[PDB]
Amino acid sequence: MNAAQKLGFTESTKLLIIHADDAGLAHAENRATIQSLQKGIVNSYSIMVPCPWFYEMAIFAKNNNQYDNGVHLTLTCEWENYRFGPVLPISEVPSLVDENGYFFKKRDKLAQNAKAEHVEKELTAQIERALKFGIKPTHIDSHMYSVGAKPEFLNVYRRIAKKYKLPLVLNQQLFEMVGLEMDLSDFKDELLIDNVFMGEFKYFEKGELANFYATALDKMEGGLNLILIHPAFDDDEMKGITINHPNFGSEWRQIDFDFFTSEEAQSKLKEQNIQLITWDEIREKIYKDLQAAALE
């Protein structure tokens, strides 16, 4: 059984979430995310609480409930010159940060250094800060999927998701990405994404990233599908953030914004009978199914 049936649809249904990550990271990213939601076919996004432009994104989110919004849990900071650290004070979560008090650049260093207790504390703090700013999140997911850097970290993530009664991103391709060879019979109580799509260097370098997105739309199969993008204007701010980091860098994010606000993308959606769904709808369906099961 694939996730589309577990949500009430036929097997053949091409469920899709087009999800913008890293909202709150930069002003250019906030503006491109908002525009892709307003006009594009992007239909969900998640927010990086520890980030310098989180506040602006929060003001947008608390007053624009119609757009499916979640918390982009952040434990790593990958950029050369633009560095951020935890919501909580360094002294409370010392194993999460480098000598400058910023998150590590790599999941490897994080998994080698971080204590599961510090991870639970800081992730809970990020969600609590979002809630106190008036955000009503519909899901939680993970920047660079650092929650998979250790099995204990993923268990903390699952436990936090159940505590807040929120859906979360769990998927087998993302598991293999982070080397987390966890079994599949542990996830009986969870909804697993059948297919996660994201851009790759090998297509970007050959000028074919837009082509990859087009083909991905063209050949989407039945089940729950998730497209992860990072729309942002390729301006001075993003060039400064992504210096020496072409992978998911500023030109890449520009390509994301262009393709997923393009009439080509909408035409491919309608051509293929791909049905968009939000995390909010998924949470409502799971809530009603559990309410119905518990009484009966």
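Numbering starts at 1 and follows the sequence shown.
- For the pair 69-77 and 152-160, the mean B factor over Cα atoms is greater in 152-160.
- For the segment pair 20-28 and 5-13, the entry gives 5-13 the higher mean B-factor, averaged over Cα atoms.
- Highest CA B-factor among the listed residues (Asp218, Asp98, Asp141, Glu122): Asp218.
- Listed residues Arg107, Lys136, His118, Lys202 were ranked by CA B-factor as deposited; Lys202 comes out on top.
- Per-chain ranking of the deposited C-alpha B factor places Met177 in the highest third.
- Among the modelled residues of its chain, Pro94 has a C-alpha B-factor that falls in the middle third, as given in the PDB entry.
- Residue-level temperature factors show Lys62 in the middle third of its chain, judged at the C-alpha atom.
- When the modelled residues of the chain are ordered by their C-alpha B factor, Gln266 lands in the highest third.
- In the PDB entry, a CA B factor belonging to the highest third of its chain's modelled residues is recorded for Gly207.
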